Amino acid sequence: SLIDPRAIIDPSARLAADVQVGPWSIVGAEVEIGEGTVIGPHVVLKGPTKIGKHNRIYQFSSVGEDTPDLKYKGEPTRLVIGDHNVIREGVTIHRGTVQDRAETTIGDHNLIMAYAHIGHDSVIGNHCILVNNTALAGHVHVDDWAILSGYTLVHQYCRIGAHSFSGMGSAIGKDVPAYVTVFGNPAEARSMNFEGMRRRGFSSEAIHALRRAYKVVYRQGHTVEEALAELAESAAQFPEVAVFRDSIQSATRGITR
């Protein structure tokens, strides 16, 4: 059928009628798979885990394993994956811990390339790209349209802002505000992702307002609280600047400079 007979499907697994599963893949207990999803060959799915519609998961991926994190001690934690995601070769995704929200969450239209790691309790939004070997250490929040280039390392609890960009081999120990571009080990704030803003149809007015907001946070010698007070006027006028100001206000590990 669409389920390869060489696949192991746990009787407790729930598959929508058109789900494809390849040879030598394991669909574990308490795994749910939504309509149109294709599971390649040599995939291990472990639950409790929910996968949505029209997803593609590639060979040698381990989706829904326990974190090796020594704070995890066997409790019933979840992984939720949305719709229209692509999960490439050798990707590892772990379920959450009771210490946080007992859930790891991915939304829709994400591209997660080969040997990427999505650590316990991470939250990925929609339309994100994680290039080869991007490692999210745990409790990492990645907001919509962020792009992490190959071998980007993200420390535990870091927030990656909407429409942000990391250069290849970036080592992120602090939060990346929305729209900010970071490079290097350790990661350094260069500019804003003006290329991504134009690709996603931002107004000229919003881009100019974001250009000015960067300057207020990074280039006028303000403390963060001083910069947040200076951003208030622009943030009230433009939602993009409010997105920026909020990423800064909610950046619990401080911002990448």
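For the two forms, the rigid core is made up of the largest set of C-alpha atoms that agree within 1.5 Å on superposition. Numbering starts at 1 and follows the sequence shown.
- Across the superposed structures in 8 other deposited structures of this protein, aligned by the core, the stretch whose Cα atoms lie more distant on average is 96-104, chosen from 96-104 and 119-127.
- Rigid core fits of the other structures in 8 other deposited structures of this protein place the C-alpha atoms of one stretch farther away on average; of 58-66 and 222-230, that stretch is 222-230.
- According to the PDB record, 7-15 carries the higher mean C-alpha B-factor of the two stretches 7-15 and 241-249.
- Stretches 75-83 and 142-150 differ in mean C-alpha B factor, with the higher average recorded for 75-83.
- Within the group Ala114, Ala102, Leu136, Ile124, the record's highest C-alpha temperature factor is found at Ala102.
- Looking only at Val224, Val216, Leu210, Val43, the residue with the top Cα B factor in the deposited structure is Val224.
- For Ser62, the recorded CA temperature factor ranks within the lowest third of the chain's modelled residues.
- Sort the modelled residues of the chain by CA B factor and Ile118 lands in the lowest third.
- Ranked within its chain, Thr97 lands in the highest third, by CA B factor from the PDB record.
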